[PDB]
$ cat my_file_10.txt   # compact mmCIF, N, CA and C atoms
# COMPACT_ATOMS: atom_id res chain seq x y z
N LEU K 57 115.35 147.50 -7.88
CA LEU K 57 114.95 147.68 -9.26
C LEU K 57 116.09 147.61 -10.27
N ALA K 58 117.33 147.93 -9.86
CA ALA K 58 118.47 147.86 -10.76
C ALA K 58 118.68 146.45 -11.28
N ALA K 59 119.07 145.54 -10.38
CA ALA K 59 119.29 144.16 -10.78
C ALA K 59 117.99 143.50 -11.19
N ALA K 60 116.87 143.92 -10.57
CA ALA K 60 115.58 143.34 -10.91
C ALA K 60 115.22 143.60 -12.36
N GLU K 61 115.21 144.88 -12.77
CA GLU K 61 114.90 145.21 -14.15
C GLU K 61 115.98 144.70 -15.08
N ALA K 62 117.22 144.62 -14.62
CA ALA K 62 118.29 144.10 -15.46
C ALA K 62 118.00 142.67 -15.88
N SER K 63 117.83 141.78 -14.91
CA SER K 63 117.54 140.38 -15.20
C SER K 63 116.21 140.22 -15.95
N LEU K 64 115.15 140.87 -15.45
CA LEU K 64 113.83 140.78 -16.08
C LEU K 64 113.86 141.26 -17.52
N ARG K 65 114.18 142.54 -17.72
CA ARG K 65 114.16 143.12 -19.04
C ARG K 65 115.15 142.44 -19.99
N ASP K 66 116.26 141.89 -19.48
CA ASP K 66 117.15 141.15 -20.36
C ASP K 66 116.45 139.89 -20.83
N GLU K 67 115.65 139.27 -19.95
CA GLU K 67 114.87 138.12 -20.39
C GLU K 67 113.80 138.57 -21.38
N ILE K 68 113.34 139.83 -21.26
CA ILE K 68 112.39 140.42 -22.20
C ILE K 68 113.07 140.77 -23.53
N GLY K 69 114.41 140.64 -23.62
CA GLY K 69 115.22 140.87 -24.81
C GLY K 69 114.65 140.50 -26.18
N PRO K 70 113.84 139.44 -26.30
CA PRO K 70 113.24 139.16 -27.61
C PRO K 70 112.10 140.12 -27.94
N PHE K 71 111.32 140.51 -26.92
CA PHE K 71 110.19 141.41 -27.10
C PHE K 71 110.62 142.76 -27.66
N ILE K 72 111.69 143.32 -27.10
CA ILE K 72 112.19 144.64 -27.49
C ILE K 72 112.57 144.77 -28.96
N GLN K 73 112.87 143.66 -29.64
CA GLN K 73 113.21 143.73 -31.05
C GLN K 73 112.02 144.26 -31.85
N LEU K 74 110.81 143.91 -31.43
CA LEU K 74 109.62 144.42 -32.09
C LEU K 74 109.49 145.91 -31.83
N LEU K 75 109.87 146.36 -30.64
CA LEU K 75 109.82 147.79 -30.33
C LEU K 75 110.81 148.55 -31.20
N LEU K 76 111.95 147.92 -31.48
CA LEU K 76 112.93 148.54 -32.36
C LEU K 76 112.34 148.64 -33.76
N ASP K 77 111.66 147.57 -34.19
CA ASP K 77 111.02 147.57 -35.49
C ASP K 77 109.94 148.64 -35.56
N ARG K 78 109.25 148.88 -34.44
CA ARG K 78 108.22 149.92 -34.39
C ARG K 78 108.85 151.27 -34.65
N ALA K 79 109.88 151.61 -33.87
CA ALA K 79 110.57 152.89 -34.03
C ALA K 79 111.13 153.07 -35.44
N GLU K 80 111.69 152.00 -36.01
CA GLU K 80 112.22 152.06 -37.36
C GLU K 80 111.12 152.33 -38.37
N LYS K 81 109.97 151.69 -38.19
CA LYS K 81 108.85 151.92 -39.10
C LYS K 81 108.30 153.32 -38.92
N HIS K 82 108.35 153.86 -37.70
CA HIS K 82 107.89 155.23 -37.46
C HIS K 82 108.76 156.19 -38.25
N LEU K 83 110.08 155.93 -38.24
CA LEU K 83 111.02 156.75 -39.00
C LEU K 83 110.73 156.67 -40.49
N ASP K 84 110.49 155.46 -41.00
CA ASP K 84 110.19 155.30 -42.42
C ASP K 84 108.87 155.98 -42.79
N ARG K 85 107.89 155.94 -41.88
CA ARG K 85 106.60 156.56 -42.12
C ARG K 85 106.75 158.06 -42.24
N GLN K 86 107.45 158.69 -41.28
CA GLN K 86 107.64 160.13 -41.40
C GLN K 86 108.54 160.46 -42.58
N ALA K 87 109.41 159.53 -43.00
CA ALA K 87 110.25 159.78 -44.17
C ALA K 87 109.39 159.88 -45.41
N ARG K 88 108.43 158.97 -45.55
CA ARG K 88 107.51 159.03 -46.68
C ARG K 88 106.64 160.28 -46.57
N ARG K 89 106.33 160.71 -45.34
CA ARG K 89 105.57 161.94 -45.18
C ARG K 89 106.40 163.12 -45.65
N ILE K 90 107.71 163.10 -45.39
CA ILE K 90 108.60 164.17 -45.85
C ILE K 90 108.63 164.18 -47.37
N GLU K 91 108.59 162.99 -47.98
CA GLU K 91 108.57 162.91 -49.43
C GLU K 91 107.28 163.52 -49.97
N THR K 92 106.16 163.26 -49.29
CA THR K 92 104.89 163.84 -49.72
C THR K 92 104.90 165.35 -49.51
N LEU K 93 105.54 165.81 -48.43
CA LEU K 93 105.63 167.24 -48.16
C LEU K 93 106.44 167.92 -49.25
N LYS K 94 107.51 167.27 -49.69
CA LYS K 94 108.33 167.80 -50.77
C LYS K 94 107.53 167.84 -52.06
N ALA K 95 106.70 166.81 -52.28
CA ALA K 95 105.85 166.77 -53.46
C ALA K 95 104.87 167.92 -53.44
N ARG K 96 104.30 168.21 -52.26
CA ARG K 96 103.36 169.32 -52.13
C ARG K 96 104.05 170.65 -52.37
N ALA K 97 105.25 170.82 -51.80
CA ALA K 97 106.00 172.07 -51.97
C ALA K 97 106.32 172.32 -53.43
N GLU K 98 106.87 171.31 -54.11
CA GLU K 98 107.20 171.45 -55.52
C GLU K 98 105.93 171.64 -56.35
N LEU K 99 104.83 171.01 -55.92
CA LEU K 99 103.56 171.17 -56.62
C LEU K 99 103.08 172.61 -56.52
N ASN K 100 103.18 173.20 -55.33
CA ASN K 100 102.76 174.58 -55.14
C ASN K 100 103.62 175.51 -55.98
N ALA K 101 104.93 175.28 -55.99
CA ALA K 101 105.84 176.13 -56.77
C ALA K 101 105.54 176.05 -58.26
N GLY K 102 105.44 174.83 -58.80
CA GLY K 102 105.17 174.67 -60.22
C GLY K 102 103.81 175.20 -60.62
N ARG K 103 102.78 174.93 -59.81
CA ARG K 103 101.44 175.40 -60.14
C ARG K 103 101.35 176.92 -60.03
N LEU K 104 102.02 177.52 -59.04
CA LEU K 104 102.01 178.97 -58.92
C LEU K 104 102.72 179.59 -60.10
N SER K 105 103.82 178.97 -60.55
CA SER K 105 104.55 179.48 -61.71
C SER K 105 103.69 179.38 -62.96
N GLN K 106 102.94 178.28 -63.09
CA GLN K 106 102.06 178.10 -64.24
C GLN K 106 100.95 179.14 -64.23
N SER F 25 52.20 94.01 41.70
CA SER F 25 51.74 95.40 41.76
C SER F 25 52.58 96.29 42.69
N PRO F 26 52.71 95.97 43.99
CA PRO F 26 53.54 96.84 44.84
C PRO F 26 55.00 96.77 44.45
N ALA F 27 55.45 95.61 43.95
CA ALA F 27 56.81 95.51 43.47
C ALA F 27 56.97 96.42 42.27
N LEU F 28 55.93 96.51 41.44
CA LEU F 28 55.95 97.39 40.30
C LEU F 28 55.90 98.85 40.74
N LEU F 29 55.31 99.13 41.91
CA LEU F 29 55.34 100.49 42.42
C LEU F 29 56.78 100.86 42.72
N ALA F 30 57.51 99.90 43.30
CA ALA F 30 58.92 100.13 43.56
C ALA F 30 59.69 100.25 42.25
N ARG F 31 59.27 99.50 41.22
CA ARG F 31 59.92 99.58 39.92
C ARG F 31 59.78 100.97 39.33
N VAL F 32 58.57 101.53 39.40
CA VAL F 32 58.38 102.87 38.86
C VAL F 32 59.16 103.88 39.69
N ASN F 33 59.35 103.62 40.99
CA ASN F 33 60.18 104.53 41.78
C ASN F 33 61.62 104.48 41.29
N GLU F 34 62.09 103.29 40.93
CA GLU F 34 63.44 103.15 40.39
C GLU F 34 63.54 103.91 39.09
N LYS F 35 62.51 103.80 38.26
CA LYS F 35 62.50 104.50 36.99
C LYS F 35 62.43 106.01 37.20
N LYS F 36 61.79 106.46 38.29
CA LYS F 36 61.73 107.89 38.58
C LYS F 36 63.13 108.40 38.86
N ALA F 37 63.86 107.66 39.68
CA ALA F 37 65.23 108.05 40.00
C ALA F 37 66.09 108.06 38.75
N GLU F 38 65.89 107.06 37.89
CA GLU F 38 66.64 106.98 36.65
C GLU F 38 66.32 108.16 35.75
N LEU F 39 65.05 108.56 35.69
CA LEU F 39 64.68 109.68 34.84
C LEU F 39 65.26 110.98 35.37
N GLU F 40 65.34 111.12 36.70
CA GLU F 40 65.93 112.32 37.27
C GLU F 40 67.40 112.39 36.89
N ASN F 41 68.07 111.24 36.98
CA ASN F 41 69.47 111.16 36.60
C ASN F 41 69.65 111.51 35.13
N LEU F 42 68.76 110.99 34.29
CA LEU F 42 68.83 111.24 32.86
C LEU F 42 68.59 112.71 32.53
N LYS F 43 67.69 113.36 33.27
CA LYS F 43 67.44 114.78 33.03
C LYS F 43 68.68 115.58 33.36
N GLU F 44 69.34 115.22 34.46
CA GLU F 44 70.56 115.92 34.83
C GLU F 44 71.64 115.70 33.79
N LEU F 45 71.72 114.48 33.25
CA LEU F 45 72.70 114.18 32.22
C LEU F 45 72.44 114.98 30.96
N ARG F 46 71.17 115.14 30.61
CA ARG F 46 70.79 115.91 29.44
C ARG F 46 71.19 117.37 29.61
N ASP F 47 70.91 117.91 30.79
CA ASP F 47 71.26 119.30 31.09
C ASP F 47 72.76 119.49 31.00
N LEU F 48 73.50 118.52 31.53
CA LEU F 48 74.95 118.58 31.51
C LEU F 48 75.48 118.50 30.09
N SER F 49 74.89 117.66 29.25
CA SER F 49 75.35 117.54 27.87
C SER F 49 75.13 118.84 27.12
N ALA F 50 74.00 119.50 27.40
CA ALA F 50 73.72 120.78 26.76
C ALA F 50 74.75 121.81 27.20
N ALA F 51 75.06 121.81 28.50
CA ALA F 51 76.05 122.74 29.02
C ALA F 51 77.42 122.46 28.42
N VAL F 52 77.72 121.19 28.18
CA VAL F 52 78.99 120.80 27.58
C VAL F 52 79.13 121.41 26.21
N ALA F 53 78.12 121.20 25.37
CA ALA F 53 78.15 121.74 24.01
C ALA F 53 78.25 123.27 24.03
N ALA F 54 77.61 123.90 25.02
CA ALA F 54 77.70 125.36 25.13
C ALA F 54 79.14 125.77 25.40
N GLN F 55 79.80 125.00 26.27
CA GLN F 55 81.19 125.29 26.57
C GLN F 55 82.07 125.06 25.35
N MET F 56 81.69 124.11 24.50
CA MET F 56 82.49 123.88 23.29
C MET F 56 82.38 125.08 22.36
N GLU F 57 81.19 125.67 22.30
CA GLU F 57 81.01 126.85 21.45
C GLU F 57 81.87 128.00 21.96
N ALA F 58 81.84 128.21 23.28
CA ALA F 58 82.64 129.27 23.88
C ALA F 58 84.12 129.02 23.64
N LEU F 59 84.53 127.75 23.76
CA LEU F 59 85.90 127.36 23.53
C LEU F 59 86.33 127.71 22.12
N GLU F 60 85.45 127.46 21.16
CA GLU F 60 85.77 127.76 19.77
C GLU F 60 85.99 129.26 19.59
N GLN F 61 85.20 130.07 20.29
CA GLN F 61 85.38 131.52 20.20
C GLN F 61 86.75 131.94 20.71
N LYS F 62 87.13 131.40 21.86
CA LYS F 62 88.41 131.76 22.45
C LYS F 62 89.56 131.30 21.58
N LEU F 63 89.43 130.10 21.01
CA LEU F 63 90.48 129.59 20.14
C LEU F 63 90.63 130.47 18.91
N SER F 64 89.52 131.00 18.42
CA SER F 64 89.58 131.90 17.28
C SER F 64 90.35 133.15 17.65
N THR F 65 90.12 133.64 18.87
CA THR F 65 90.83 134.82 19.33
C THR F 65 92.33 134.55 19.42
N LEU F 66 92.67 133.33 19.85
CA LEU F 66 94.07 132.96 19.96
C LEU F 66 94.73 132.99 18.61
N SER F 67 94.05 132.40 17.63
CA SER F 67 94.56 132.37 16.28
C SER F 67 94.74 133.77 15.73
N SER F 68 93.86 134.69 16.13
CA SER F 68 93.98 136.07 15.67
C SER F 68 95.27 136.68 16.20
N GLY F 69 95.56 136.42 17.47
CA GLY F 69 96.79 136.94 18.05
C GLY F 69 98.01 136.36 17.35
N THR F 70 97.93 135.07 17.01
CA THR F 70 99.04 134.44 16.32
C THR F 70 99.24 135.05 14.94
N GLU F 71 98.14 135.38 14.27
CA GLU F 71 98.23 136.01 12.96
C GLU F 71 98.91 137.37 13.07
N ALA F 72 98.65 138.07 14.17
CA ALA F 72 99.29 139.35 14.40
C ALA F 72 100.80 139.18 14.49
N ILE F 73 101.24 138.18 15.25
CA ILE F 73 102.68 137.98 15.34
C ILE F 73 103.25 137.46 14.02
N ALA F 74 102.42 136.82 13.19
CA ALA F 74 102.89 136.41 11.88
C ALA F 74 103.18 137.66 11.05
N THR F 75 102.36 138.70 11.26
CA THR F 75 102.57 139.97 10.59
C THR F 75 103.91 140.55 11.00
N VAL F 76 104.25 140.37 12.28
CA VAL F 76 105.53 140.86 12.79
C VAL F 76 106.69 140.15 12.10
N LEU F 77 106.57 138.83 11.90
CA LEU F 77 107.64 138.14 11.19
C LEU F 77 107.73 138.63 9.76
N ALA F 78 106.59 138.98 9.16
CA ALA F 78 106.62 139.48 7.79
C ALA F 78 107.42 140.77 7.73
N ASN F 79 107.29 141.60 8.77
CA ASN F 79 108.03 142.85 8.83
C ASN F 79 109.53 142.59 8.83
N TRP F 80 109.98 141.80 9.80
CA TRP F 80 111.41 141.54 9.87
C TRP F 80 111.93 140.71 8.72
N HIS F 81 111.11 139.86 8.12
CA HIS F 81 111.59 139.07 7.01
C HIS F 81 111.85 139.97 5.82
N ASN F 82 110.93 140.91 5.56
CA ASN F 82 111.14 141.84 4.47
C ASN F 82 112.32 142.74 4.76
N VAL F 83 112.55 143.05 6.04
CA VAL F 83 113.68 143.87 6.43
C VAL F 83 114.97 143.18 6.03
N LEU F 84 115.10 141.94 6.48
CA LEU F 84 116.29 141.15 6.23
C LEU F 84 116.57 140.99 4.75
N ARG F 85 115.54 140.64 3.98
CA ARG F 85 115.76 140.46 2.55
C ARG F 85 116.10 141.78 1.88
N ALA F 86 115.47 142.87 2.32
CA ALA F 86 115.74 144.18 1.74
C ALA F 86 117.17 144.60 1.99
N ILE F 87 117.68 144.29 3.17
CA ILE F 87 119.04 144.67 3.50
C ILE F 87 120.02 143.81 2.74
N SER F 88 119.76 142.50 2.71
CA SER F 88 120.63 141.56 2.02
C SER F 88 120.77 141.91 0.55
N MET F 89 119.69 142.41 -0.06
CA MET F 89 119.79 142.81 -1.45
C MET F 89 120.69 144.02 -1.59
N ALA F 90 120.65 144.92 -0.61
CA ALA F 90 121.52 146.08 -0.62
C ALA F 90 122.92 145.69 -0.21
N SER F 91 123.02 144.75 0.72
CA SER F 91 124.30 144.29 1.21
C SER F 91 125.04 143.48 0.17
N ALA F 92 124.31 142.72 -0.64
CA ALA F 92 124.89 141.87 -1.67
C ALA F 92 125.19 142.60 -2.98
N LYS F 93 125.21 143.93 -2.98
CA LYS F 93 125.49 144.69 -4.19
C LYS F 93 126.94 144.43 -4.61
N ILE F 94 127.11 143.73 -5.73
CA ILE F 94 128.42 143.38 -6.28
C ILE F 94 128.33 143.51 -7.79
N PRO F 95 128.40 144.72 -8.37
CA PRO F 95 128.32 144.79 -9.83
C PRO F 95 129.58 144.26 -10.51
N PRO F 109 118.41 153.18 -8.87
CA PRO F 109 117.25 153.23 -9.77
C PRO F 109 116.26 154.32 -9.39
N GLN F 110 115.00 154.15 -9.79
CA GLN F 110 113.94 155.10 -9.49
C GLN F 110 113.60 155.03 -8.00
N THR F 111 112.59 155.80 -7.60
CA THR F 111 112.10 155.87 -6.24
C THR F 111 110.68 155.30 -6.11
N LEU F 112 110.21 154.55 -7.12
CA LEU F 112 108.87 154.00 -7.09
C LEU F 112 108.77 152.92 -6.02
N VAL F 113 107.88 153.13 -5.05
CA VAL F 113 107.65 152.23 -3.92
C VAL F 113 106.15 152.14 -3.69
N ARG F 114 105.77 151.50 -2.59
CA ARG F 114 104.39 151.33 -2.19
C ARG F 114 104.25 151.84 -0.77
N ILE F 115 103.40 152.84 -0.59
CA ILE F 115 103.16 153.48 0.70
C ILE F 115 101.69 153.32 1.05
N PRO F 116 101.26 152.22 1.69
CA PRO F 116 99.84 152.10 2.04
C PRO F 116 99.35 153.15 3.03

$ encode --input "my_file_10.txt" --output "structure tokens"
Amino acid sequence: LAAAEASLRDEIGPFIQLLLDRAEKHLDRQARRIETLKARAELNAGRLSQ
Amino acid sequence: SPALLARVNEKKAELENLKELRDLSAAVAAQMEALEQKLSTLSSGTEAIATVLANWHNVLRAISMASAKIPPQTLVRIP
């Protein structure tokens, strides 16, 4: 499996770029979720103060 | 007429011979069927020894892959 997966998965090398793009988009998605969470937190603070 | 009586006697002998030939031909074909069964059994034994070569062939290749290590997991198949 060492040399087998090495040669095979290296030939799979173009496919994995999409997997990298997936992980990167997952990060960006949760980043926008963090932005929405911050919006909710500040919204609660401002509305409670009002 | 009497010559023809002798002719039918000749034909009687011929028919007896023909009946024996027919019986023999039937027996022949029966033996061919039996032969085919035995040959099938032979081929089965040969297939068994082919299985034996498959064992040692996989052995040799498995070792050579380990022997040729010149720079993993435990997932295998256990039937």

$ interface_residues --input "my_file_10.txt" --of "chain F" --to "chain K" --cutoff "10 Å" --atoms "only C-alpha atoms" --output "PyMOL selection string"
chain F and resi 89+93+95+109-112

$ axis_aligned_box --input "my_file_10.txt" --around "range 86-97 of chain K" --padding-each-side "5 Å" --output "lines of an AutoDock Vina configuration file"
center_x = 106.8
center_y = 165.5
center_z = -47.4
size_x = 16.9
size_y = 23.6
size_z = 22.2

$ atom_distance --input "my_file_10.txt" --atom1 "CA of residue 60 in chain F" --atom2 "CA of residue 42 in chain F"
27.0 Å

$ atom_distance --input "my_file_10.txt" --atom1 "atom C of residue 62 in chain F" --atom2 "atom N of residue 46 in chain F"
26.1 Å

$ atom_distance --input "my_file_10.txt" --atom1 "atom N of residue 94 in chain F" --atom2 "atom C of residue 72 in chain K"
27.4 Å

$ select_by_dssp --input "my_file_10.txt" --residues "chain F" --states "alpha helix (DSSP H)" --output "PyMOL selection string"
chain F and resi 26-91
